[PDB]
Amino acid sequence: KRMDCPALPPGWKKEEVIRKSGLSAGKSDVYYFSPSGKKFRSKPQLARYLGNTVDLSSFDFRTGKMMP
DNA sequence: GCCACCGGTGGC
DNA sequence: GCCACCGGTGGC
Ligand SMILES: [Ca+2]
């Protein structure tokens, strides 16, 4: 389920998806959804989309929390 | 053509 | 040996 992510700017949501088949079955992937609905799979991709005005240095992609 | 899904690996 | 990061792609 897509859950609100207050660590991000307004509108952002986070989803954890459990892999269903293959040797990695049971592994989790984390996705973030922009307010406009675009999907992001890594902190570099996320940071490039948001740009310099948003400080993600303390941002922990896997947990979705600021981890300082 | 798109994209959800799993596999591969460079850097640590 | 692990995993952040992203490539390949089958099913639509
Ligand atoms: Ca916020």
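Only this structure's heavy atoms are used, side chains among them; waters, hydrogens and symmetry mates stay out. Below, chains carry the letters A, B, ... as their sequence lines are ordered, and counting in each starts from 1.
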**Student:** Taking the side chain as every heavy atom from C-beta outward, state whether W12(A) and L46(A) have any pair of such atoms under 4.5 Å apart.
**Tutor:** yes
**Student:** If you round to the nearest 0.5 Å, how far is CE of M66(A) from CG of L8(A)?
**Tutor:** 8.5 Å
**Student:** Working to the nearest 0.5 Å, report the span between CG of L56(A) and CG of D60(A).
**Tutor:** 11.5 Å
**Student:** For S36(A), check side chain to side chain donor-acceptor pair (under 3.5 Å) against everything at least two apart and list the hits.
**Tutor:** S34(A), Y49(A)
**Student:** Validate the cation-pi geometry between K43(A) and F61(A): distance from NZ or CZ to the six-membered ring centre under 6.0 Å, angle to the ring axis within 45°.
**Tutor:**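 Not flagged: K43(A) not positioned over aromatic ring of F61(A).
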**Student:** Are the side chains of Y31(A) and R41(A) in touch, meaning some heavy atoms are under 4.5 Å apart?
**Tutor:**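 Heavy-atom side-chain distance check passes, below 4.5 Å.
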**Student:** Using a cut-off of 4.0 Å between protein heavy atoms and nucleotide atoms, how would you tag nucleotides 5-12 of chain C 5' to 3' with B, S and -?
**Tutor:** SBB-----
**Student:** Could you pull out the protein-nucleic contacts involving nucleotides 2-4 of chain B (nitrogen or oxygen on both sides, under 3.5 Å)?
**Tutor:**
residue, atom, partner, partner atom, Å
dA4(B), OP2, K39(A), NZ, 2.6

**Student:** Do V54(A) and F59(A) come close enough that some side-chain heavy atom pair is under 4.5 Å?
**Tutor:** no
